>>> print(open('my_file.csv').read())   # CSV, C-alpha atoms
chain,number,residue,atom,x,y,z
C,5,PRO,CA,8.8,14.8,-7.7
C,6,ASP,CA,7.3,12.8,-10.6
C,7,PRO,CA,3.9,11.2,-10.1
C,8,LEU,CA,4.9,8.1,-12.2
C,9,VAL,CA,6.2,5.4,-9.8
C,10,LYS,CA,7.5,2.0,-11.0
C,11,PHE,CA,8.5,-1.0,-8.8
C,12,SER,CA,8.1,-4.5,-10.2
C,13,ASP,CA,5.8,-5.3,-13.1
C,14,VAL,CA,3.7,-2.5,-11.5
C,15,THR,CA,3.6,1.1,-12.7
C,16,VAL,CA,1.5,3.5,-10.6
C,17,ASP,CA,0.4,7.0,-11.8
C,18,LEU,CA,-0.2,8.7,-8.5
C,19,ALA,CA,-1.9,11.8,-10.1
C,20,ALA,CA,-4.4,9.9,-12.2
C,21,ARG,CA,-4.8,7.3,-9.6
C,22,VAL,CA,-4.1,4.5,-12.1
C,23,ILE,CA,-2.0,1.3,-11.9
C,24,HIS,CA,-0.7,-1.1,-14.4
C,25,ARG,CA,0.7,-4.7,-13.8
C,26,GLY,CA,2.6,-5.9,-15.7
C,27,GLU,CA,1.1,-4.4,-17.6
C,28,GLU,CA,-2.6,-4.1,-18.0
C,29,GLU,CA,-4.8,-2.1,-15.6
C,30,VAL,CA,-5.1,-3.3,-12.0
C,31,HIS,CA,-8.2,-1.8,-10.5
C,32,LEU,CA,-7.9,-0.4,-7.0
C,33,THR,CA,-10.5,0.7,-4.5
C,34,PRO,CA,-10.3,4.5,-3.5
C,35,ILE,CA,-9.3,3.3,0.1
C,36,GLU,CA,-6.7,0.8,-1.3
C,37,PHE,CA,-5.3,3.6,-3.4
C,38,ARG,CA,-4.8,6.2,-0.7
C,39,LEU,CA,-2.9,3.6,1.2
C,40,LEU,CA,-0.8,2.6,-1.8
C,41,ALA,CA,0.0,6.3,-2.2
C,42,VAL,CA,0.9,7.0,1.4
C,43,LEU,CA,3.2,3.9,1.2
C,44,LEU,CA,4.6,4.8,-2.2
C,45,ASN,CA,5.3,8.4,-0.9
C,46,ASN,CA,7.1,7.0,2.1
C,47,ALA,CA,9.1,4.4,0.1
C,48,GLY,CA,11.7,2.6,2.3
C,49,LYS,CA,10.7,4.3,5.5
C,50,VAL,CA,9.1,2.1,8.3
C,51,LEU,CA,5.7,3.5,9.3
C,52,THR,CA,3.7,2.8,12.4
C,53,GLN,CA,0.1,1.5,12.4
C,54,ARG,CA,-1.0,4.9,13.9
C,55,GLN,CA,1.0,6.8,11.2
C,56,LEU,CA,-0.8,4.9,8.5
C,57,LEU,CA,-4.3,5.2,10.0
C,58,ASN,CA,-3.7,8.9,10.4
C,59,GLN,CA,-2.7,9.4,6.8
C,60,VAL,CA,-5.3,7.1,5.2
C,61,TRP,CA,-8.3,8.0,7.5
C,62,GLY,CA,-7.6,10.3,10.5
C,63,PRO,CA,-10.1,9.6,13.3
C,64,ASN,CA,-9.9,5.9,12.3
C,65,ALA,CA,-7.0,5.7,14.8
C,66,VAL,CA,-6.2,3.6,16.5
C,67,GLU,CA,-9.2,1.4,17.4
C,68,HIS,CA,-9.3,0.3,13.7
C,69,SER,CA,-5.8,-1.3,13.3
C,70,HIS,CA,-7.6,-4.3,11.6
C,71,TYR,CA,-8.7,-2.3,8.6
C,72,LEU,CA,-5.1,-1.6,7.9
C,73,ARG,CA,-4.2,-5.3,8.0
C,74,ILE,CA,-7.2,-6.1,5.8
C,75,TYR,CA,-6.1,-3.5,3.2
C,76,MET,CA,-2.5,-4.5,3.3
C,77,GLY,CA,-3.7,-8.0,2.5
C,78,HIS,CA,-5.8,-6.6,-0.5
C,79,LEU,CA,-2.7,-4.7,-1.7
C,80,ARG,CA,-0.6,-7.8,-1.6
C,81,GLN,CA,-3.2,-10.0,-3.2
C,82,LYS,CA,-3.3,-7.6,-6.2
C,83,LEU,CA,0.3,-6.5,-6.5
C,84,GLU,CA,2.5,-9.2,-5.1
C,85,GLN,CA,3.9,-12.2,-6.8
C,86,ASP,CA,3.4,-14.2,-3.7
C,87,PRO,CA,1.0,-12.5,-1.3
C,88,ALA,CA,2.3,-14.8,1.5
C,89,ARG,CA,5.9,-13.6,0.8
C,90,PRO,CA,5.7,-9.9,0.1
C,91,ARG,CA,8.7,-8.3,-1.7
C,92,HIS,CA,7.4,-4.7,-1.7
C,93,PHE,CA,4.6,-4.6,0.9
C,94,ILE,CA,6.6,-5.5,4.0
C,95,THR,CA,5.4,-5.9,7.6
C,96,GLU,CA,7.5,-4.6,10.6
C,97,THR,CA,6.1,-7.0,13.2
C,98,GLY,CA,4.6,-5.2,16.2
C,99,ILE,CA,5.4,-1.8,14.6
C,100,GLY,CA,3.7,-1.2,11.3
C,101,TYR,CA,4.8,-1.5,7.6
C,102,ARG,CA,7.6,-0.7,5.2
C,103,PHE,CA,7.4,-0.4,1.4
C,104,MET,CA,10.2,-1.4,-0.9
C,105,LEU,CA,10.9,0.3,-4.2
>>> encode(input="my_file.csv", output="structure tokens")
Amino acid sequence: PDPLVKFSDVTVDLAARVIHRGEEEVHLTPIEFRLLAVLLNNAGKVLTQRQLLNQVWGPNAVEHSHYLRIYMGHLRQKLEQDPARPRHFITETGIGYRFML
């Protein structure tokens, strides 16, 4: 299963909770990391906003859909070449999100 995930200039050790780009250490927030993980562990699958709020928080569903948008933004800001044009952290409009690689 291998807890060492690599996608662009980013390498993420899921076990240690550490991330390098590309590479020196990018520092994530504990919340931003549980979301990265969930996303990394569902690579390529399209996940609903409720699915994501469930897996990151649990009773923070669903009346807290905005936190998910705010933390996707943070993830893009830190990990994406162009936060405005994500290549890995992809939105499925009206549904949820999809992570590539």
>>> residues_near_point(input="my_file.csv", point="(5.5, 12.5, -8.4)", cutoff="9 Å", atoms="all atoms listed in the file", output="MDAnalysis selection string")
chainID C and resid 5:9 17:19 45
>>> residues_near_point(input="my_file.csv", point="(2.3, 2.0, -8.7)", cutoff="8 Å", atoms="all atoms listed in the file", output="list in words")
residues 8, 9, 10, 11, 14, 15, 16, 17, 18, 22, 23, 24, 40 and 44 of chain C
>>> atom_distance(input="my_file.csv", atom1="CA of residue 36 (chain C)", atom2="CA of residue 76 (chain C)")
8.2 Å
>>> atom_distance(input="my_file.csv", atom1="CA of residue 74 (chain C)", atom2="CA of residue 27 (chain C)")
24.9 Å
>>> residues_around(input="my_file.csv", residues="residue 82 (chain C)", least_positions_apart="2", cutoff="12 Å", atoms="all atoms listed in the file", output="list in words")
residues 13, 14, 23, 24, 25, 26, 29, 30, 31, 32, 33, 36, 37, 40, 75, 76, 77, 78, 79, 80, 84, 85, 86, 87, 88, 90, 92 and 93 of chain C
>>> residues_around(input="my_file.csv", residues="residue 97 (chain C)", least_positions_apart="4", cutoff="12 Å", atoms="all atoms listed in the file", output="number ranges by chain")
C: 50-53, 73, 101-102
>>> atom_distance(input="my_file.csv", atom1="CA of residue 94 (chain C)", atom2="CA of residue 55 (chain C)")
15.3 Å
>>> closest_residue(input="my_file.csv", among="C:62, C:47, C:67, C:91", to="residue 12 (chain C)", atoms="all atoms listed in the file")
C:91
>>> residues_around(input="my_file.csv", residues="residue 59 (chain C)", least_positions_apart="2", cutoff="10 Å", atoms="all atoms listed in the file", output="PyMOL selection string")
chain C and resi 38-39+41-43+54-57+61-65
